[PDB]
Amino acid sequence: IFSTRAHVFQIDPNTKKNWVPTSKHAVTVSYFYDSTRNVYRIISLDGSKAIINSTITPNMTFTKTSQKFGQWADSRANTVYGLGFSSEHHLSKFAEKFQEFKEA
């Protein structure tokens, strides 16, 4: 698996233009292979909340919007997740893993 830190956001449902903070601080975000479903997943837990529970689908894409912000649409969750990183370095390894775990 692979874990990292990031502030989480979701696009606003009404206009799908503005970002709404999901976490109040940075939280752990991990790529995990679920051996019970045989699929790769991106999860982020905060307290009793599963703020990210995205299953990676071959037609999913991760966009590096800026130096420290990346995002991906998840039709199952009916939203778009946005992650803010502490550096472009972290944004990059997150993006490369997205493609790696997608490619499998």
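Residues carry their position along the shown sequence, with the first being 1.
Of the two stretches examined, 54-62 and 74-82, the record assigns the greater average C-alpha temperature factor to 54-62. Sort the modelled residues of the chain by CA B factor and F69 lands in the lowest third. For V39, the recorded CA temperature factor ranks within the highest third of the chain's modelled residues. Among the modelled residues of its chain, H7 has a C-alpha B-factor that falls in the lowest third according to the deposited record.
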